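Coordinates as given in work.txt (compact mmCIF, C-alpha atoms and all ligand atoms):
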```
# COMPACT_ATOMS: atom_id res chain seq x y z
CA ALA A 1 -10.43 258.41 33.39
CA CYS A 2 -11.52 254.80 33.91
CA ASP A 3 -9.76 252.21 35.98
CA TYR A 4 -11.75 249.56 34.13
CA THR A 5 -13.60 249.88 30.83
CA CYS A 6 -16.28 247.37 29.90
CA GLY A 7 -17.60 248.27 26.50
CA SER A 8 -18.91 251.80 27.07
CA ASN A 9 -19.03 251.34 30.85
CA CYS A 10 -16.51 253.28 32.91
CA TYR A 11 -15.54 251.99 36.36
CA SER A 12 -13.30 253.43 39.04
CA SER A 13 -11.48 251.40 41.70
CA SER A 14 -14.06 252.48 44.24
CA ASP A 15 -16.93 251.09 42.21
CA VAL A 16 -15.16 247.76 42.03
CA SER A 17 -14.49 247.66 45.77
CA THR A 18 -18.00 248.52 46.62
CA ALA A 19 -19.35 245.77 44.41
CA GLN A 20 -16.82 243.18 45.56
CA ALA A 21 -17.65 243.84 49.18
CA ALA A 22 -21.31 243.32 48.62
CA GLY A 23 -20.93 240.06 46.77
CA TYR A 24 -18.37 238.73 49.18
CA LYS A 25 -20.65 239.35 52.13
CA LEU A 26 -23.45 237.45 50.51
CA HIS A 27 -21.01 234.71 49.72
CA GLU A 28 -19.93 234.56 53.44
CA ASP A 29 -23.50 234.42 54.62
CA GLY A 30 -24.55 231.67 52.22
CA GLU A 31 -27.15 233.94 50.57
CA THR A 32 -27.92 235.00 46.99
CA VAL A 33 -29.76 237.71 45.14
CA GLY A 34 -31.77 237.75 41.91
CA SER A 35 -33.29 235.11 39.65
CA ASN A 36 -29.80 234.06 38.59
CA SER A 37 -28.72 233.58 42.17
CA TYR A 38 -25.64 235.87 42.52
CA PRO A 39 -23.04 235.48 43.67
CA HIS A 40 -22.30 232.08 42.16
CA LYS A 41 -19.34 230.05 41.03
CA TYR A 42 -17.36 231.25 38.04
CA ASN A 43 -15.76 228.25 36.25
CA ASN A 44 -13.36 230.17 34.01
CA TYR A 45 -14.29 228.35 30.79
CA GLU A 46 -12.62 231.34 29.09
CA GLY A 47 -9.24 230.41 30.45
CA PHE A 48 -8.29 233.82 31.83
CA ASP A 49 -4.89 233.90 33.49
CA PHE A 50 -5.87 235.29 36.90
CA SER A 51 -3.12 236.13 39.41
CA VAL A 52 -5.27 234.86 42.23
CA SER A 53 -6.21 231.38 43.12
CA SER A 54 -9.47 229.50 42.53
CA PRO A 55 -12.29 228.96 43.29
CA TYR A 56 -13.91 232.05 41.71
CA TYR A 57 -17.25 233.72 42.19
CA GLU A 58 -19.18 236.13 39.98
CA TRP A 59 -21.04 239.20 41.11
CA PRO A 60 -22.59 241.92 38.92
CA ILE A 61 -21.27 245.48 38.80
CA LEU A 62 -23.72 248.10 37.58
CA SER A 63 -23.09 250.98 35.25
CA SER A 64 -25.43 253.07 37.44
CA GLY A 65 -23.16 252.78 40.37
CA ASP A 66 -25.90 251.13 42.48
CA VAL A 67 -25.13 247.81 44.14
CA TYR A 68 -26.90 244.81 42.53
CA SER A 69 -30.12 243.97 44.28
CA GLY A 70 -32.17 242.13 41.65
CA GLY A 71 -33.56 242.41 38.13
CA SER A 72 -31.32 242.74 35.10
CA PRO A 73 -27.70 242.30 36.15
CA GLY A 74 -26.48 244.02 33.01
CA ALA A 75 -23.39 242.70 31.25
CA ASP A 76 -20.55 243.44 33.67
CA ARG A 77 -19.14 241.32 36.50
CA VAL A 78 -16.50 241.41 39.17
CA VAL A 79 -14.72 238.10 39.87
CA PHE A 80 -13.40 237.39 43.38
CA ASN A 81 -12.06 234.35 45.32
CA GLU A 82 -12.40 232.77 48.80
CA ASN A 83 -9.92 235.22 50.27
CA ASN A 84 -11.82 238.12 48.94
CA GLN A 85 -9.08 238.94 46.45
CA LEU A 86 -10.05 240.63 43.17
CA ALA A 87 -9.45 238.26 40.22
CA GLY A 88 -10.71 240.65 37.58
CA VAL A 89 -13.48 242.56 35.89
CA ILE A 90 -15.16 240.90 32.96
CA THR A 91 -18.01 241.51 30.52
CA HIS A 92 -20.33 239.83 28.07
CA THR A 93 -20.12 243.03 25.99
CA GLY A 94 -18.30 242.49 22.75
CA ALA A 95 -18.15 238.75 23.54
CA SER A 96 -19.77 236.02 21.54
CA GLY A 97 -22.98 234.60 23.03
CA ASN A 98 -22.66 234.09 26.79
CA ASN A 99 -18.88 234.24 26.80
CA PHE A 100 -16.92 236.97 28.50
CA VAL A 101 -14.00 239.21 27.68
CA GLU A 102 -11.88 241.10 30.17
CA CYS A 103 -12.56 244.77 30.76
CA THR A 104 -9.58 246.99 29.99
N1 LIG B 1 -19.20 232.27 30.14
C1 LIG B 1 -19.08 231.70 31.38
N2 LIG B 1 -20.17 231.45 32.07
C2 LIG B 1 -19.91 230.87 33.25
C3 LIG B 1 -18.70 230.49 33.79
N3 LIG B 1 -18.82 229.87 35.03
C4 LIG B 1 -20.11 229.88 35.25
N4 LIG B 1 -20.84 230.44 34.18
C5 LIG B 1 -22.28 230.68 34.25
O1 LIG B 1 -22.86 230.28 33.03
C6 LIG B 1 -23.72 231.37 32.57
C7 LIG B 1 -23.79 231.31 31.06
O2 LIG B 1 -23.29 232.57 30.55
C8 LIG B 1 -22.95 232.62 33.01
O3 LIG B 1 -23.77 233.72 33.32
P1 LIG B 1 -24.02 235.31 33.76
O4 LIG B 1 -24.35 236.08 32.52
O5 LIG B 1 -25.17 235.23 34.74
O6 LIG B 1 -22.77 235.82 34.39
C9 LIG B 1 -22.34 232.20 34.33
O7 LIG B 1 -23.19 232.75 35.30
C10 LIG B 1 -17.53 230.70 33.01
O8 LIG B 1 -16.37 230.46 33.31
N5 LIG B 1 -17.85 231.36 31.78
CA CA B 2 -18.80 255.05 39.34
```

Represent the supplied structure as structure tokens.
Amino acid sequence: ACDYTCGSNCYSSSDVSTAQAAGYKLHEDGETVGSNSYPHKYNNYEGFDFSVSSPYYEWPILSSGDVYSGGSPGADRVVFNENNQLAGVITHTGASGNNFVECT
């Protein structure tokens, strides 16, 4: 069973934690990875009703289970804040253009 489902992608809590930790570290260190420079601010144009407070940061979560290190970031992301709290898991999959939808 999946803790989070993004399109056809199945994620467990552990996957999420592993990814969040990686992105948060980078965020702490003032460093980024990839041509799109992750992690980076997440504005929330979508208007999701997160339980955690802003500001938000986006970091890719891979279907492979590997931690993001460059190249295609795929369509899934984990969204975290300054306190390292999980805001949510979102995806471009099944979303119009470059918008996002929440994973279920
Ligand atoms: N759709 C969306 N993109 C955002 C937001 N905040 C910043 N962006 C950046 O604008 C880019 C346009 O989609 C997004 O790319 P991403 O695919 O790299 O995650 C994202 O990185 C937001 O709230 N919504
Ligand atoms: Ca997994």

Exercise. Can you tell me which residues sit at most 7 Å away from ligand LIG 1 (chain B), counting all atoms listed in the file, written as an MDAnalysis selection string?
Worked result: chainID A and resid 36 40:46 58 75 77 98:100

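Using all atoms listed in the file for every distance, the candidate list A:35, A:17, A:53, A:96 yields A:17 as the residue closest to ligand CA 2 (chain B).
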
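A straight line drawn from CA of residue 47 in chain A to CA of residue 102 in chain A is 11.0 Å long.
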
For this session: Return as a list in words the residues of protein, DNA or RNA that approach ligand CA 2 (chain B) to within 10 Å, with all atoms listed in the file taken into account.
Result: residues 2, 9, 10, 11, 12, 13, 14, 15, 16, 18, 61, 62, 63, 64, 65 and 66 of chain A

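Note that CA of residue 79 in chain A and CA of residue 8 in chain A are 19.2 Å apart.
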
To test the calculation: enclose all listed atoms of range 25-43 of chain A in a box whose edges run along x, y and z, add 3 Å on each side, then state centre and edge lengths in Å to one decimal, as JSON.
```
{"center_x": -24.5, "center_y": 233.8, "center_z": 45.4, "size_x": 23.5, "size_y": 17.1, "size_z": 24.4}
```

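For the set A:80, A:4, A:68, A:24, the residue with the smallest atom-to-atom gap to residue 55 in chain A is A:80, counting only C-alpha atoms.
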
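Distance check against residue 103 in chain A using all atoms listed in the file: of A:7, A:54, A:32, A:1, the minimum falls on A:7.
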
Problem set entry | Distance in Å - CA of residue 88 in chain A versus CA of residue 33 in chain A | 20.7 Å

Seminar exercise, completed: Restricting to only C-alpha atoms, whichever of A:52, A:90, A:37, A:5 is closest to residue 23 in chain A is A:37
